[PDB]
Amino acid sequence: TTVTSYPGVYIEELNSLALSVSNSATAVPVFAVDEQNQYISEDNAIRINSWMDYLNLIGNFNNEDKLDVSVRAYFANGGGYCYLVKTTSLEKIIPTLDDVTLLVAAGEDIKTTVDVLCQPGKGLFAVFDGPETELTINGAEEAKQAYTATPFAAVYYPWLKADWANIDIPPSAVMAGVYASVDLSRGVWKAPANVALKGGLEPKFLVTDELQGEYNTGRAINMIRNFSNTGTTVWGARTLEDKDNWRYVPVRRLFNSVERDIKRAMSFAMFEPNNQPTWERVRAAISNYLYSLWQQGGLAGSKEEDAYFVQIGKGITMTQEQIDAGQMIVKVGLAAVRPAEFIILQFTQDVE
Amino acid sequence: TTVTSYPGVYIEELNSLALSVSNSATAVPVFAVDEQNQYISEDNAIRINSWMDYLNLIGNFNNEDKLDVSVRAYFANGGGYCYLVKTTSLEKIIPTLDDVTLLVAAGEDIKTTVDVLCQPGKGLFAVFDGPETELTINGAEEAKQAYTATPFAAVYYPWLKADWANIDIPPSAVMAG
Amino acid sequence: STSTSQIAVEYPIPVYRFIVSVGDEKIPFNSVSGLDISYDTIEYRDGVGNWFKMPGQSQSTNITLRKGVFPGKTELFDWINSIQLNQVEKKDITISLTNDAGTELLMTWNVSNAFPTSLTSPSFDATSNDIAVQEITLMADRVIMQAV
Amino acid sequence: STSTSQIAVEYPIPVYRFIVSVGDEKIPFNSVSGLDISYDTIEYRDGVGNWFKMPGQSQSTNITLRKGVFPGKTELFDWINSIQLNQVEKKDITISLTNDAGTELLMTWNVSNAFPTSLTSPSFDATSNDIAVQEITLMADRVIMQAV
Amino acid sequence: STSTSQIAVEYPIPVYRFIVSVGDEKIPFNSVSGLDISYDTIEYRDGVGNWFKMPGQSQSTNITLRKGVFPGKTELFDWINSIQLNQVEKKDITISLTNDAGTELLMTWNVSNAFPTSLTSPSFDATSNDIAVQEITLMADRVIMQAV
């Protein structure tokens, strides 16, 4: 690289791109890497703290690599540190790593691993790609058939393209950075839609509004489409579940984030005596956290007693039988905010 | 329900309702239970200490059951522990149980048993329901004719309704609480 | 002839038996003071005669915990020593009135985001028969009182 | 049946046995006072409702040492007499709780850069049965408390 | 229960810890004042009713740095003494809010082409308990504020 013999200064001339670092507490993605990738090994995650950290692992930035153009688009949008796990050993390493929240397919088939590791208990959310082909409003319900109906997944359709990238960029890798950029500036409870992409991105296929109405309904495919005043922007917040409970990705990612923070407060109660002075410390630790989250506007309620409730007790939640087994049962409820998705203007010709 | 192998924590997601417990020294009701109830047996009282205790005896909360919606309305208003006696063996178990004070018909015909066990000596008070039909100011003295003139009984007329309950709730079960 | 379970329901609670828990630790304290809610009052008054009184801006909660000096342990001092410029670890304090040999709480107070100011060293005194005691003072927000 | 080595670990430390050491000298003192940490609090409050409380600027440490008047010795006075305009010799003061006939310290406080203000002369009083005592007051920085 | 790395991201920055660097030198200052952007406003208004407001000509930046008098050092004075007719050495001033024992900057202001006018001598005063302080005033251009 550079060899330094005299103290001096050095006025080397080279074109290397440098991206500014960001720290994200809530979004740590795991990029699925294909086999025939000679840089990372099987069965260990390589933590990449920054774009410079990634640019030391590989020698040159490669335009032809699907992994290279996906990682650069991730760090240009504001992503923090991420892990790089190969896709065949992917189901063994994600349970080892504690603080992993996102699971990102950078143009990879992770549909086998997402069914077996995305459970209601585990905190993994899994954003992956739409189909690379230009689809139709006509054969539209067959494209939604290819994806599973899990509530933990979101599909973003158009593979983005850039002037620096030779190949088209998978859209899930830019959305791991948009998730980290939204939650840092406005919070996890805010939806990641109508946010502009900071990198030099634009969609490969311009999407009509009538086509987006087909895909938004049943197994919803969010779409990245260009607006003349905003540039390119994300235009969906819906998961793959059509049920009214987990329809939107800000509600699903809020519940994933809250239960991870409650996991850390219940870590200190581990292996403490199972009696009442522990339970009133478990309840007090959760009640502080949900109150300060409600004060940030994360939970929807005018009255503080409407936003959440916590219930521990020997009469209430756990039996005398279950206490002797070693169990401790808490009930938490939350009231998330839903995003306004449609705005209907009525224009009247007479003013009255 | 839940199986625990590693120590950890568990972030199971399920909708189950939990009611806070209360201890009442003065009011211990006995809920009359109809036959064709597969959960309780004849000729023994089942002490239900809490709503969670009741929710272990039956698997699911049932909107269609007259007993289910009456017990949940009882514990939501602040009732303590209660007994569940079937209505045909009801006249044998209430003399066995010492501290029973209330006798609650949760939509049941206990007019035969109330005449034979509510005496001036025994400490039983018996709250039961009004008629389920919407009555009149016009035929009003015939509806009072259906009930006995004992001093130990009170009749609360309108069968209450709730958004969680599919059927209408008998008003005597909310009045034990 | 009061029964012993009637006293648990009807009688007032004595102050001297309590548990203080600072964060994840629980440490025995000699006395706890302060810990009260307060509100400023806003008063509007106009010319026709009506006088509006309102609850206003809440006041900051200031707590004082008192504790004797024990020979191996300084973890009240290490909390206040860790203050670099404005960064300190804030933690939740819970006071809880208990029974004798406390396996059962009777009342519970909860304090949020408490951080230390003004640790007070003992007054060394050659003609005194006392234990070395220390007061730590905490500034916090949101005292709430929980039943049982 | 508490053993005598259990009391050395579990029991609180009495205040009355202590060693004060002013610079290189060690001198017997009757009482030591003050010697506490303190912090101002900075409070930010904006319109959406969130209220930030921070530890702020530290406060200056002021210590008061009390000592009886002995017939040959004035070396508390010679320290405060040596103040020319702003130049005084600052020295470190250490207080240390000890055992009986102290060969073993239990706790230790350390004061840095202490210099004297306000030496107080005894109050001569013809109807009093007291010893002539003197208080010296010290301004300093950085009280730290050391275990053993 | 705020973590200590959350306070580094969410909490406001206290003013009292800062580094001033005048050219190649860095010198400790007591206070820095002024240092603000400003713009004149141009207003056009015609007869049909529309009113145009515009940002106009920028204003000159005037900074005031305050510093106590130290016995060996006059390098605020030697800068203002070197003014021959219109020739003075202009140099860049950077203010930077830091943490305690600053190894890490939090905010940074940059001033370009600052040169001294109006060095203020201390007010000698026989009945005052103050330090000899000096204000120097700087005229400059282009205050910019840099994150970290």
# chains A, B, ... in the order shown; residues from 1 in each chain; ligands from 1
$ residues_around --residues "residue 70 (chain D)" --least-positions-apart "2" --cutoff "10 Å" --atoms "only C-alpha atoms" --output "list in words"
residues 67, 68, 72, 73, 74, 131, 132 and 133 of chain D
$ residues_around --residues "residue 90 (chain A)" --least-positions-apart "3" --cutoff "10 Å" --atoms "only C-alpha atoms" --output "list in words"
residues 30, 31, 32, 33, 42, 43, 44, 45, 84, 85, 86, 87, 93, 94, 95, 110 and 113 of chain A
$ interface_residues --of "chain C" --to "chain A" --cutoff "10 Å" --atoms "only C-alpha atoms" --output "MDAnalysis selection string"
chainID C and resid 19 21 23:25 91:94 96 98 102:105 108:113 142 144 146 148
$ residues_around --residues "region 148-153 of chain B" --least-positions-apart "3" --cutoff "9 Å" --atoms "only C-alpha atoms" --output "compact mmCIF listing (two decimals) with C-alpha atoms, in the first residue's frame"
# COMPACT_ATOMS: atom_id res chain seq x y z
CA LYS B 111 -86.05 -21.91 43.11
CA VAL B 114 -83.62 -22.04 47.77
CA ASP B 115 -86.91 -22.87 49.51
CA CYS B 118 -82.63 -20.84 53.02
CA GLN B 119 -83.88 -20.91 56.62
CA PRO B 120 -83.79 -18.25 59.37
CA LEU B 124 -77.20 -18.38 53.27
CA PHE B 125 -78.17 -15.38 51.14
CA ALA B 126 -79.31 -16.17 47.60
CA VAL B 127 -79.02 -13.64 44.77
CA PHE B 128 -80.48 -14.81 41.46
CA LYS B 144 -93.19 -10.66 40.75
CA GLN B 145 -95.48 -13.68 41.21
$ select_by_dssp --residues "region 14-117 of chain E" --states "alpha helix (DSSP H)" --output "PyMOL selection string"
chain E and resi 77-81
$ write_last_selection --atoms "N, CA and C atoms" --output "compact mmCIF listing (two decimals), in the first residue's frame"
# COMPACT_ATOMS: atom_id res chain seq x y z
N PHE E 77 -0.73 39.61 23.48
CA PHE E 77 -0.28 40.98 23.27
C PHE E 77 0.67 41.08 22.08
N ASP E 78 1.56 40.09 21.92
CA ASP E 78 2.53 40.14 20.84
C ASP E 78 1.88 39.98 19.47
N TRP E 79 0.70 39.37 19.43
CA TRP E 79 -0.06 39.30 18.18
C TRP E 79 -0.62 40.67 17.81
N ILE E 80 -1.17 41.40 18.79
CA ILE E 80 -1.74 42.70 18.48
C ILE E 80 -0.68 43.79 18.42
N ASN E 81 0.51 43.55 18.96
CA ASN E 81 1.58 44.53 18.86
C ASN E 81 2.25 44.51 17.50
$ closest_atom_pairs --of "chain E" --to "chain C" --cutoff "7 Å" --atoms "only C-alpha atoms" --output "CSV"
residue,atom,partner,partner_atom,distance
E:1,CA,C:91,CA,4.1
E:2,CA,C:90,CA,5.1
E:3,CA,C:89,CA,5.4
E:4,CA,C:89,CA,5.1
E:7,CA,C:87,CA,5.9
E:8,CA,C:87,CA,6.9
E:99,CA,C:85,CA,5.9
E:100,CA,C:85,CA,5.3
$ write_last_selection --atoms "N, CA, C and O atoms" --output "PDB file, in the first residue's frame"
ATOM      1  N   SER E   1     -33.052   4.092  33.753  1.00  0.00           N
ATOM      2  CA  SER E   1     -31.814   3.364  33.549  1.00  0.00           C
ATOM      3  C   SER E   1     -31.124   3.699  32.228  1.00  0.00           C
ATOM      4  O   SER E   1     -31.027   2.849  31.348  1.00  0.00           O
ATOM      5  N   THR E   2     -30.630   4.927  32.090  1.00  0.00           N
ATOM      6  CA  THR E   2     -29.918   5.317  30.880  1.00  0.00           C
ATOM      7  C   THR E   2     -28.486   4.801  30.925  1.00  0.00           C
ATOM      8  O   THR E   2     -27.764   5.026  31.901  1.00  0.00           O
ATOM      9  N   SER E   3     -28.079   4.106  29.868  1.00  0.00           N
ATOM     10  CA  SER E   3     -26.707   3.649  29.729  1.00  0.00           C
ATOM     11  C   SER E   3     -25.783   4.830  29.446  1.00  0.00           C
ATOM     12  O   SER E   3     -26.211   5.890  28.987  1.00  0.00           O
ATOM     13  N   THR E   4     -24.494   4.640  29.726  1.00  0.00           N
ATOM     14  CA  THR E   4     -23.555   5.746  29.589  1.00  0.00           C
ATOM     15  C   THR E   4     -23.179   6.029  28.141  1.00  0.00           C
ATOM     16  O   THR E   4     -22.674   7.117  27.851  1.00  0.00           O
ATOM     17  N   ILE E   7     -26.090   8.458  26.712  1.00  0.00           N
ATOM     18  CA  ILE E   7     -25.937   9.871  27.046  1.00  0.00           C
ATOM     19  C   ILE E   7     -25.004  10.560  26.057  1.00  0.00           C
ATOM     20  O   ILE E   7     -25.196  11.736  25.723  1.00  0.00           O
ATOM     21  N   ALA E   8     -24.029   9.829  25.517  1.00  0.00           N
ATOM     22  CA  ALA E   8     -23.138  10.384  24.506  1.00  0.00           C
ATOM     23  C   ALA E   8     -23.843  10.667  23.189  1.00  0.00           C
ATOM     24  O   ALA E   8     -23.342  11.468  22.395  1.00  0.00           O
ATOM     25  N   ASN E  99     -14.857  16.368  25.828  1.00  0.00           N
ATOM     26  CA  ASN E  99     -15.188  15.645  27.042  1.00  0.00           C
ATOM     27  C   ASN E  99     -14.198  16.010  28.144  1.00  0.00           C
ATOM     28  O   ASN E  99     -13.325  16.861  27.971  1.00  0.00           O
ATOM     29  N   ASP E 100     -14.340  15.361  29.297  1.00  0.00           N
ATOM     30  CA  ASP E 100     -13.400  15.563  30.390  1.00  0.00           C
ATOM     31  C   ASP E 100     -12.050  14.961  30.030  1.00  0.00           C
ATOM     32  O   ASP E 100     -11.979  13.797  29.619  1.00  0.00           O
TER      33      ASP E 100
END
$ residues_around --residues "residue 337 (chain A)" --least-positions-apart "6" --cutoff "9 Å" --atoms "only C-alpha atoms" --output "ChimeraX atom specification"
/A:189-190,250-251,297-301
$ write_last_selection --atoms "N, CA, C and O atoms" --output "PDB file, in the first residue's frame"
ATOM      1  N   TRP A 189     -40.482   2.926  15.628  1.00  0.00           N
ATOM      2  CA  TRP A 189     -41.924   2.979  15.429  1.00  0.00           C
ATOM      3  C   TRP A 189     -42.317   3.710  14.151  1.00  0.00           C
ATOM      4  O   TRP A 189     -43.428   3.507  13.657  1.00  0.00           O
ATOM      5  N   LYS A 190     -41.439   4.549  13.608  1.00  0.00           N
ATOM      6  CA  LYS A 190     -41.681   5.187  12.325  1.00  0.00           C
ATOM      7  C   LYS A 190     -41.433   4.195  11.196  1.00  0.00           C
ATOM      8  O   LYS A 190     -40.449   3.451  11.213  1.00  0.00           O
ATOM      9  N   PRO A 250     -43.400  -1.282  10.618  1.00  0.00           N
ATOM     10  CA  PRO A 250     -43.061  -0.595  11.874  1.00  0.00           C
ATOM     11  C   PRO A 250     -43.663  -1.237  13.107  1.00  0.00           C
ATOM     12  O   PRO A 250     -43.090  -1.101  14.191  1.00  0.00           O
ATOM     13  N   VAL A 251     -44.795  -1.927  12.987  1.00  0.00           N
ATOM     14  CA  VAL A 251     -45.393  -2.566  14.155  1.00  0.00           C
ATOM     15  C   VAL A 251     -44.665  -3.863  14.486  1.00  0.00           C
ATOM     16  O   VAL A 251     -44.458  -4.190  15.659  1.00  0.00           O
ATOM     17  N   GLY A 297     -43.076   8.720  22.362  1.00  0.00           N
ATOM     18  CA  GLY A 297     -44.079   8.604  21.332  1.00  0.00           C
ATOM     19  C   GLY A 297     -44.106   7.270  20.635  1.00  0.00           C
ATOM     20  O   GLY A 297     -44.748   7.152  19.586  1.00  0.00           O
ATOM     21  N   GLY A 298     -43.429   6.260  21.183  1.00  0.00           N
ATOM     22  CA  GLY A 298     -43.364   4.973  20.516  1.00  0.00           C
ATOM     23  C   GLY A 298     -44.663   4.200  20.596  1.00  0.00           C
ATOM     24  O   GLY A 298     -45.061   3.539  19.634  1.00  0.00           O
ATOM     25  N   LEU A 299     -45.339   4.273  21.734  1.00  0.00           N
ATOM     26  CA  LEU A 299     -46.604   3.592  21.948  1.00  0.00           C
ATOM     27  C   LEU A 299     -47.741   4.601  21.883  1.00  0.00           C
ATOM     28  O   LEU A 299     -47.613   5.725  22.377  1.00  0.00           O
ATOM     29  N   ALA A 300     -48.849   4.197  21.270  1.00  0.00           N
ATOM     30  CA  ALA A 300     -49.964   5.100  21.003  1.00  0.00           C
ATOM     31  C   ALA A 300     -50.954   5.040  22.155  1.00  0.00           C
ATOM     32  O   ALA A 300     -51.606   4.016  22.373  1.00  0.00           O
ATOM     33  N   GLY A 301     -51.072   6.142  22.884  1.00  0.00           N
ATOM     34  CA  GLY A 301     -52.065   6.271  23.928  1.00  0.00           C
ATOM     35  C   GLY A 301     -52.021   7.650  24.546  1.00  0.00           C
ATOM     36  O   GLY A 301     -50.941   8.149  24.872  1.00  0.00           O
TER      37      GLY A 301
END
$ residues_around --residues "residue 158 (chain B)" --least-positions-apart "2" --cutoff "7 Å" --atoms "only C-alpha atoms" --output "list in words"
residues 130, 156, 160 and 171 of chain B
$ residues_around --residues "residue 85 (chain B)" --least-positions-apart "6" --cutoff "9 Å" --atoms "only C-alpha atoms" --output "number ranges by chain"
B: 30-33, 40-46, 93-94
$ residues_around --residues "residue 57 (chain E)" --least-positions-apart "2" --cutoff "10 Å" --atoms "only C-alpha atoms" --output "PyMOL selection string"
chain E and resi 38-42+54-55+59-60
$ write_last_selection --atoms "N, CA, C and O atoms" --output "tab-separated table (two decimals), in the first residue's frame"
chain	number	residue	atom	x	y	z
E	38	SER	N	-24.72	36.02	10.56
E	38	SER	CA	-25.78	37.01	10.44
E	38	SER	C	-25.92	37.40	8.97
E	38	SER	O	-24.98	37.29	8.19
E	39	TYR	N	-27.12	37.85	8.61
E	39	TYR	CA	-27.39	38.27	7.24
E	39	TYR	C	-28.32	39.47	7.25
E	39	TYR	O	-29.30	39.50	8.00
E	40	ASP	N	-28.00	40.46	6.42
E	40	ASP	CA	-28.97	41.50	6.11
E	40	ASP	C	-30.08	40.93	5.25
E	40	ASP	O	-29.90	39.92	4.57
E	41	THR	N	-31.25	41.56	5.31
E	41	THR	CA	-32.39	41.11	4.53
E	41	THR	C	-32.76	42.17	3.51
E	41	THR	O	-32.84	43.36	3.84
E	42	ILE	N	-32.97	41.75	2.28
E	42	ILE	CA	-33.37	42.63	1.19
E	42	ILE	C	-34.86	42.43	0.96
E	42	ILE	O	-35.32	41.29	0.82
E	54	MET	N	-35.53	38.42	0.90
E	54	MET	CA	-34.35	37.70	0.46
E	54	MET	C	-33.27	37.78	1.52
E	54	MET	O	-33.21	38.75	2.28
E	55	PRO	N	-32.42	36.77	1.61
E	55	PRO	CA	-31.18	36.95	2.36
E	55	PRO	C	-30.23	37.83	1.58
E	55	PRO	O	-30.14	37.73	0.35
E	59	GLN	N	-22.72	39.65	7.16
E	59	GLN	CA	-22.12	40.58	8.11
E	59	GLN	C	-20.78	40.05	8.60
E	59	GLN	O	-20.52	38.85	8.59
E	60	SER	N	-19.92	40.97	9.03
E	60	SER	CA	-18.59	40.60	9.47
E	60	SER	C	-18.64	39.98	10.86
E	60	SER	O	-19.39	40.43	11.73
$ closest_residue --among "A:319, A:239, A:16, A:348" --to "residue 49 (chain B)" --atoms "only C-alpha atoms"
A:319
$ interface_residues --of "chain A" --to "chain B" --cutoff "6 Å" --atoms "only C-alpha atoms" --output "short mmCIF file (atom, residue, chain, number, x, y, z; two decimals) with N, CA, C and O atoms, in the first residue's frame"
data_model
loop_
_atom_site.label_atom_id
_atom_site.label_comp_id
_atom_site.auth_asym_id
_atom_site.auth_seq_id
_atom_site.Cartn_x
_atom_site.Cartn_y
_atom_site.Cartn_z
N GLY A 121 -40.93 -16.36 18.77
CA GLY A 121 -40.11 -16.05 19.92
C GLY A 121 -38.84 -15.29 19.58
O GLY A 121 -38.48 -14.34 20.27
N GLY A 315 -51.14 -15.17 42.17
CA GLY A 315 -52.51 -15.45 41.81
C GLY A 315 -52.79 -15.22 40.34
O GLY A 315 -53.69 -15.84 39.78
N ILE A 316 -52.00 -14.37 39.70
CA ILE A 316 -52.34 -13.82 38.40
C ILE A 316 -51.78 -14.67 37.26
O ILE A 316 -52.55 -15.17 36.43
#
$ atom_distance --atom1 "CA of residue 14 (chain D)" --atom2 "CA of residue 121 (chain C)"
13.2 Å
$ atom_distance --atom1 "CA of residue 26 (chain A)" --atom2 "CA of residue 165 (chain A)"
28.3 Å
